[PDB]
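Below sits a lone chain in structure tokens, taken as the form deposited in one PDB entry.
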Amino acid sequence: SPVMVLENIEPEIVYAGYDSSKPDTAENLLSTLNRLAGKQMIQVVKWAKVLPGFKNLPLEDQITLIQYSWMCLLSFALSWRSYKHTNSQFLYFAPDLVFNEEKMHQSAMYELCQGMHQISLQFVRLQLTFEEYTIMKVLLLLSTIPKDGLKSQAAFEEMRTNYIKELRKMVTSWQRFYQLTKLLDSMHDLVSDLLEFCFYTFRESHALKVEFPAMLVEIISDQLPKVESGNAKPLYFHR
């Protein structure tokens, strides 16, 4: 049943809010992009809190998972918007913020922009259906746990596996499932890339003149303060 509920809960529109006009170099794209991230998060939490099964684990587990997987979320989402609106032609961050080989170019991010684009590209080729995306997206929320587990760990695995079963239910064949689960797996590869960059732009804020809101502040100072190592255990799907 969930799928139905997911269409409903599937977050809406979010504006980045960039007073575009004068030269927009690194110090410009990133502070607005971060700002953008800060607003979508308020949206992701609103989304997750009604999710089937997930809304059932105590508030502690819920927030942890959102933290260890926030980057996957937003990035996976960027791909879908880029794919739904521009046919993947571009990276649709926000209605008021679209990227062309020029924005990616002078965003000081061209390389990661290309990676997130390579994802949207896989969406087109596979011609992803909302159903698939919505379920895959829950799988990303449920894809990176604390190396040592969760309080409601047992309840957690049954849940995720159920969503697995659901995605395969949706896939109804085994090749499709496979392509989709392999896509999500690869995501773990991109996200680690996006995170190390986000982290060093964090640690080197003022000096690079790249600001972060406050919402994203309390999250990164929490996410990478010690996990820049390997206490963040992603849960792949294949080998």
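All residue numbers are counted from 1 along the displayed sequence.
The stretch of deposited sequence separating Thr172 from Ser173 contains 4 to 9 residues lacking coordinates in this entry. Comparing the deposited coordinates for 204-212 and 52-60, the stretch with the larger average C-alpha B-factor is 204-212. With 100-108 and 117-125 compared on mean CA B-factor from the PDB entry, the stretch scoring higher is 100-108. Across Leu65, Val191, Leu33, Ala26, the greatest Cα temperature factor reported in the deposited entry is at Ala26. Ranked by Cα temperature factor within the chain, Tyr178 sits in the lowest third according to the deposited record. Ranked against the other modelled residues of its chain, the C-alpha B-factor of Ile219 as given in the entry falls in the middle third.
As for the form deposited with a partner chain bound, it is not shown, yet the points below apply to it.
Taking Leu51, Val171, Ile66, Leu30 one by one, only a single residue has any non-hydrogen atom within 4.5 Å of its partner chain in the deposited bound form, and it is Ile66.
In terms of contact with its partner chain in the deposited bound form, the residue from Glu228, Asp24, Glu10, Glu218 that brings a heavy atom within 4.5 Å is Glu218.
When contacts are judged by a 4.5 Å heavy atom cut-off, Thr201 does not count as touching its partner chain in the deposited bound form. Looking at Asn34, you'd find every heavy atom of it more than 4.5 angstroms from its partner chain in the deposited bound form. Relative to its partner chain in the deposited bound form, residues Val3, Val124 and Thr134 are all farther than 4.5 Å at every heavy atom.
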